[PDB]
Amino acid sequence: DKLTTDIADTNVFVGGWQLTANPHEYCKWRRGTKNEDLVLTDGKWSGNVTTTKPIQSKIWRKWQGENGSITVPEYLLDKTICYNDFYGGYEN
Amino acid sequence: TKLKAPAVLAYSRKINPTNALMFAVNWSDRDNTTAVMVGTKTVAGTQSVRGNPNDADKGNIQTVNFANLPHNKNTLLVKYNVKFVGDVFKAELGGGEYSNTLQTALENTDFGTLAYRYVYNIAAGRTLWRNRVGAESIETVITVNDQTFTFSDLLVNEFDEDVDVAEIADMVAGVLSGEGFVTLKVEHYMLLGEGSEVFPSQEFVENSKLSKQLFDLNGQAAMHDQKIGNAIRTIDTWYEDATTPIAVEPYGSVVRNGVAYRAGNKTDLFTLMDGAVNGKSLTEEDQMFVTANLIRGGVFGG
Amino acid sequence: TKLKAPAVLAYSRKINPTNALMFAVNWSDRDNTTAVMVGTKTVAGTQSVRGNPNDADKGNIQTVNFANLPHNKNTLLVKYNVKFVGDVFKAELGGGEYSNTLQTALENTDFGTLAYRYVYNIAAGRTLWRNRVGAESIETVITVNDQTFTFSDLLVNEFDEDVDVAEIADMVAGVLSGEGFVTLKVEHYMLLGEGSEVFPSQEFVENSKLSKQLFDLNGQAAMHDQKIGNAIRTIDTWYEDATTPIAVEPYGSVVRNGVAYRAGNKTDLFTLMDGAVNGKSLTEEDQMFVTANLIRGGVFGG
């Protein structure tokens with residue numbers, strides 16, 4: 001019902017609309033959420049991150065990180081993503 | 001049978017020390033005492049934590065509290081009063097069946113060894129904690145019911161036989177076995193050297209600007225009474241694989257080493273206490289341990 | 001295996017120096033010690049701050065300290081007692097599942113060299129940073145267990161052989177390898193010249209505050225105890241690309257140069273102690289560095 005043999009506008013047989021910008025606007029490749037990137041720079045986080053401590057009950061392996069970046073949706077940017085060494089992002 | 005415990009059962013502190021005030025004296029002139037003051041100094045460190053090495057750069061730079069002897073006197077004096085109190089087997093706020101069966105259970109305990117280890121921890125200067133580090137000579141003056149006892153450097157981890165420690169422990173055991181009380185005014189003289197940094201009790205703080213804050217009373221350097229009292233009951237040499245005396249605790253628990261020395265091997269206070277009430281025979285060292293926890297105090301409820 | 005380090009693991013400071021009190025003497029009149037007073041001159045100037053442009057019109061009457069020699073004495077005398085203490089392997093907050101493995105991994109430490117470099121930093125003048133600069137004559141007197149030692153010409157950068165430092169290093173290594181303490185009363189006499197300006201240590205001021213605080217005990221110019229402790233442990237010539245002795249840090253980090261020499265290249269203390277308690281073969285120099293850190297002390301937890 002989405003990959004049908006029609007042309008529609010966001011469909012697959014698209015004809016007539018290739019001339020327009022419609023199949024590249026309404027059918028977006030890797031359509032994701034806003035996605036801002038909170039970046040860890042040498043152990044110091046950029047935005048509203050606040051490093052936390054995991055439960056240390058059954059962790060087998062936990063690797064630490066100092067550089068890199070985490071991809072946070074704009075919805076969860078409102079609150080602190082609370083990055084942690086064991087499990088990355090959550091709501092707390 | 002099987003009297004379990006009162007859930008409310010608690011015992012009070014039978015060994016009450018005062019806050020150990022610190023003064024600066026000379027080794028020859030011990031009467032001219034001057035208040036060692038807790039000042040604050042600022043400090044530039046190197047930010048050396050175990051984890052991330054990439055913040056080893058830039059300063060650590062924070063303020064802490066310090067207490068040094070002034071550079072005209074070379075001896076640290078520590079003043080406190082330790083009050084041993086009797087009625088040790090009565091529960092202050094616990095029940096009246098379990099408490100009296102525990103009283104009859106520990107009525108034949110060896111109070112002499114208990115009192116000797118307490119008076120030895122007082123007289124060997126174990127109430128001094130890091131202030132003994134680099135001391136030429138530790139002279140302990142214990143005045144008890146108008147009787148002055150002077151002690152030189154005694155070996156602390158072993159409770160070797162001394163006749164003056166046994167002399168004070170005679171009235172301390174007479175107090176602890178029955179009713180009444182006794183007071184020990186204890187003055188420590190350690191030749192720390194002119195200007196040596198002393199170590200008063202540190203404080204627990206959360207939002208303070210000081211990274212380390214020392215305990216003070218009107219600015220004078222002082223030790224916590226709970227720290228001194230913890231060093232009174234560092235007599236436990238009766239746990240499993242005993243090497244050094246640890247503090248008397250219901251679980252033999254030392255916070256610093258992070259391992260409880262009497263938990264998990266059925267040598268804690270509560271199992272022996274329930275056994276002593278329920279009528280199985282206790283050995284002498286664990287009887288002394290249970291009595292030491294009773295005179296330490298604590299809610300043994302649960 | 002995989003003996004993971006305790007989070008509470010810390011070691012006490014084992015080289016405890018006092019504050020370096022500073023006096024004015026002559027070169028041939030060494031007994032007449034007059035205390036160097038920190039003078040303080042006022043400077044008139046308006047405030048210029050980033051956060052308050054409205055307050056720049058009037059204010060900031062600042063009064064900056066200074067310390068010179070008096071115009072009748074040409075020699076600056078620096079007195080401090082360095083206290084070396086033993087059992088550097090005892091953790092004070094750590095425990096003994098890791099610290100006992102460290103004891104049995106650093107028992108082969110040549111304390112002789114460690115102590116040599118400590119007493120050489122004591123004697124050669126590493127503890128006299130900006131006031132040994134430009135002095136035509138340097139002298140160090142060390143008094144230790146009623147023994148006097150005289151040092152005149154020791155270049156501070158390399159640890160060359162002199163039997164005088166070695167003599168003291170013996171008893172210092174015997175303390176540090178075993179149990180006990182030793183105290184070196186160190187008096188430095190440097191002939192700078194008539195009325196030459198001297199250099200006390202600096203208290204941390206804010207970005208604003210005043211220009212510079214010099215370190216005062218009871219009005220007299222002095223230098224910080226931790227700053228002398230930085231001088232004594234400045235023995236680290238065993239990191240990769242070692243040009244000059246740096247202060248033994250857990251990360252080999254100097255703040256004033258903006259670089260860390262042992263951080264991030266597997267020669268930091270923490271990887272070496274985990275290698276020691278997991279038992280891989282250490283060389284003599286990095287094991288000596290680890291023992292020097294344990295002498296320095298500090299909390300190593302994570």
# chains A, B, ... in the order shown; residues from 1 in each chain; ligands from 1

$ residues_around --residues "stretch 114-123 of chain B" --least-positions-apart "2" --cutoff "8 Å" --atoms "only C-alpha atoms" --output "list in words"
residues 110, 111, 112, 125, 126, 127, 140, 141, 142, 151, 154, 156, 159, 165, 166, 168, 169, 170, 172, 173, 176, 186, 231, 232, 233, 234, 235, 288 and 292 of chain B

$ calpha_fit_rmsd --fixed "chain C" --moving "chain B"
3.0 Å

$ atom_distance --atom1 "atom CA of residue C:294" --atom2 "atom CA of residue C:16"
13.2 Å

$ interface_residues --of "chain B" --to "chain C" --cutoff "10 Å" --atoms "only C-alpha atoms" --output "PyMOL selection string"
chain B and resi 41-63+68-71+130+133-136+192-197+254-259

$ select_by_dssp --residues "stretch 102-153 of chain C" --states "strand (DSSP E)" --output "PyMOL selection string"
chain C and resi 137-143+148-151

$ write_last_selection --atoms "N, CA, C and O atoms" --output "compact mmCIF listing (two decimals), in the first residue's frame"
# COMPACT_ATOMS: atom_id res chain seq x y z
N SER C 137 76.41 32.89 46.17
CA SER C 137 76.83 31.81 47.05
C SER C 137 75.61 31.11 47.63
O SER C 137 74.71 31.76 48.18
N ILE C 138 75.60 29.79 47.51
CA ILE C 138 74.51 28.92 47.94
C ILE C 138 75.07 28.03 49.04
O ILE C 138 76.16 27.47 48.88
N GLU C 139 74.36 27.93 50.16
CA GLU C 139 74.77 27.03 51.23
C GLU C 139 73.55 26.35 51.82
O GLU C 139 72.49 26.97 51.95
N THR C 140 73.69 25.08 52.17
CA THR C 140 72.64 24.30 52.80
C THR C 140 73.22 23.60 54.02
O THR C 140 74.24 22.90 53.91
N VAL C 141 72.57 23.77 55.17
CA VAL C 141 72.91 23.05 56.39
C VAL C 141 71.74 22.13 56.70
O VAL C 141 70.59 22.59 56.82
N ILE C 142 72.02 20.84 56.81
CA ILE C 142 71.03 19.84 57.20
C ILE C 142 71.39 19.31 58.58
O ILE C 142 72.49 18.78 58.77
N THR C 143 70.48 19.45 59.52
CA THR C 143 70.63 18.86 60.85
C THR C 143 69.71 17.64 60.91
O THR C 143 68.49 17.77 60.75
N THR C 148 75.35 17.32 61.51
CA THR C 148 75.28 18.53 60.70
C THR C 148 75.98 18.28 59.37
O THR C 148 77.09 17.76 59.34
N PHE C 149 75.31 18.65 58.28
CA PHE C 149 75.84 18.46 56.94
C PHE C 149 75.85 19.79 56.20
O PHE C 149 74.88 20.55 56.26
N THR C 150 76.95 20.04 55.49
CA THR C 150 77.22 21.30 54.82
C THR C 150 77.32 21.06 53.32
O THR C 150 78.04 20.16 52.88
N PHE C 151 76.58 21.85 52.55
CA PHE C 151 76.61 21.76 51.09
C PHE C 151 76.80 23.14 50.51
O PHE C 151 76.10 24.08 50.89

$ atom_distance --atom1 "atom CA of residue C:247" --atom2 "atom CA of residue C:157"
12.5 Å

$ decode --residues "stretch 165-186 of chain B" --atoms "N, CA and C atoms" --output "tab-separated table (two decimals), in the first residue's frame"
chain	number	residue	atom	x	y	z
B	165	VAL	N	48.58	0.98	83.15
B	165	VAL	CA	47.39	0.71	82.34
B	165	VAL	C	46.46	-0.25	83.08
B	166	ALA	N	47.03	-1.28	83.71
B	166	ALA	CA	46.24	-2.19	84.53
B	166	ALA	C	45.70	-1.50	85.77
B	167	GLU	N	46.44	-0.52	86.30
B	167	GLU	CA	45.98	0.23	87.46
B	167	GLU	C	44.74	1.05	87.14
B	168	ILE	N	44.77	1.80	86.02
B	168	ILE	CA	43.58	2.56	85.62
B	168	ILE	C	42.46	1.62	85.19
B	169	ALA	N	42.80	0.52	84.52
B	169	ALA	CA	41.82	-0.45	84.08
B	169	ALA	C	41.15	-1.18	85.23
B	170	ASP	N	41.74	-1.17	86.43
B	170	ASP	CA	41.06	-1.71	87.60
B	170	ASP	C	39.78	-0.93	87.92
B	171	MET	N	39.87	0.41	88.03
B	171	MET	CA	38.64	1.16	88.26
B	171	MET	C	37.78	1.25	87.01
B	172	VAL	N	38.37	1.18	85.81
B	172	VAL	CA	37.54	1.19	84.60
B	172	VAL	C	36.73	-0.10	84.49
B	173	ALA	N	37.33	-1.24	84.84
B	173	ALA	CA	36.60	-2.50	84.87
B	173	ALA	C	35.61	-2.56	86.01
B	174	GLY	N	35.93	-1.93	87.15
B	174	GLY	CA	34.97	-1.86	88.24
B	174	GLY	C	33.76	-1.02	87.88
B	175	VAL	N	33.97	0.03	87.10
B	175	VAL	CA	32.86	0.84	86.60
B	175	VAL	C	32.05	0.06	85.58
B	176	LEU	N	32.72	-0.57	84.61
B	176	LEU	CA	32.02	-1.20	83.50
B	176	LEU	C	31.31	-2.48	83.92
B	177	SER	N	31.81	-3.16	84.95
B	177	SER	CA	31.16	-4.38	85.41
B	177	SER	C	29.89	-4.09	86.19
B	178	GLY	N	29.82	-2.95	86.87
B	178	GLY	CA	28.68	-2.61	87.69
B	178	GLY	C	28.14	-1.24	87.32
B	179	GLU	N	27.76	-0.49	88.35
B	179	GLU	CA	27.18	0.83	88.19
B	179	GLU	C	28.27	1.89	88.33
B	180	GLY	N	27.86	3.15	88.41
B	180	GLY	CA	28.80	4.23	88.59
B	180	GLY	C	29.40	4.71	87.28
B	181	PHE	N	30.47	5.49	87.42
B	181	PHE	CA	31.15	6.07	86.27
B	181	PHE	C	32.56	6.46	86.71
B	182	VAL	N	33.39	6.77	85.72
B	182	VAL	CA	34.74	7.26	85.98
B	182	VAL	C	35.12	8.21	84.85
B	183	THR	N	35.99	9.16	85.15
B	183	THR	CA	36.39	10.19	84.21
B	183	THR	C	37.91	10.18	84.07
B	184	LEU	N	38.39	10.22	82.83
B	184	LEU	CA	39.81	10.18	82.51
B	184	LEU	C	40.13	11.44	81.73
B	185	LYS	N	40.83	12.38	82.36
B	185	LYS	CA	41.31	13.57	81.66
B	185	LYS	C	42.66	13.24	81.03
B	186	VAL	N	42.69	13.16	79.70
B	186	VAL	CA	43.82	12.62	78.96
B	186	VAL	C	44.46	13.73	78.15
